[PDB]
């Protein structure tokens, strides 16, 4: 079970500035 | 895990932690530990080992993974997983006023989104994303420059590592002033 990121599963956060 | 980036009109800054966690043991047990770790429940590396023992999961932690780099004026950040033979990967490409997001679907790194102008992008579990997003919105001001964005991303990375054992205290930061087209880099990666 390689790596600690739910970043691959959970969707990326995109904030417009 | 956590990769964050700020894209501005004059450049882009990107920070990533260096923690890589491997789990070994029965699937229901690994799933129970994962849920506790990605929820912000486990704050210290001490509490992480005590929880792994409790659930009968052997855990190895490595804190030297370079998750960000700079190729041809384009910054590239990546988060990745391994679960039931499925390798998952997400990449962020950033330059001045330019960004793109690609995911590894099967054997191909596939573009899922992109944008122009100013943006803040956080890659992580639901907890690390909300914490970094809260830290950014709290310190960013409308006319802040790329130099202020460096200080802010350092504060985001420090605040997240204080709240969870899913991120390492050590982190990296890459920055660029180049406006190279990120879509060019995503194409180069598309194959292999």
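Odds and ends about this structure:
- Each of B:13, B:174 was scored by other Cβ atoms within 10 Å of its Cβ. Listed from fewest to most, they are B:174, B:13.
- The ellipsoid that matches the Cα gyration tensor of chain B has semi-axes, each √(5λ) in whole angstrom, of 30, 21, 12, with the longest given first.
- Ellipsoid semi-axes in whole angstrom, largest first, where each is sqrt(5λ) of the Cα gyration tensor of the protein assembly as shown: 29, 20, 12
- Pairs of Cα atoms in the stretch B:1-51 fall into 5 Å distance bins, from 0 up to the last occupied one, in shares of 4, 15, 21, 20, 12, 9, 8, 7, 4, 1 percent.
- Percent antiparallel among DSSP beta bridges (both partners in the protein assembly as shown, rounded to 5): 100
- Computed FRET value (nearest 0.05) for residue B:116 with residue B:184, which takes r as the C-beta separation and R₀ as 22 Å: 0.90
- The gain in end-to-end length when the residue B:107 to residue B:64 segment is fully stretched comes to 12.9 nm, 0.36 nm per residue minus the alpha carbon separation.
- If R0 equals 25 Å, the separation of the Cβ atoms of residue B:192 and residue B:47 corresponds to a calculated FRET efficiency of about 0.05.
- Overall, the anisotropy analysis places the stretch B:104-192 in the oblate class: the square-rooted eigenvalues a ≥ b ≥ c of its C-alpha gyration tensor yield a/c not less than 1.5, with a/b not exceeding b/c.
- Across the stretch B:95-166, the relative contact order, built from alpha-carbon pairs under 8 Å that are at least six residues apart, equals 22 percent.
- Estimated 222 nm signal from helices in chain B, with DSSP H stretches of n ≥ 4 weighted -39500 (n - 2.57), rounded to 500: -10000 deg cm²/dmol
- Contact order normalised by residue count of the stretch B:46-192, Cα under 8 Å, 6+ apart, percent: 27
- For B:46-59, mean number of other protein chain Cβ atoms within 10 Å: 0
- Protection-proxy order for peptides B:91-97, B:155-161, B:145-151, each taking the mean of Cβ atoms within 10 Å per residue, highest first: B:91-97, B:155-161, B:145-151
We did not get these values from a lab; they are worked out from the coordinates using the rules stated. Positions of Cβ are backbone-derived with ideal geometry, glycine not excepted, and every protein chain shown enters the neighbour counts.
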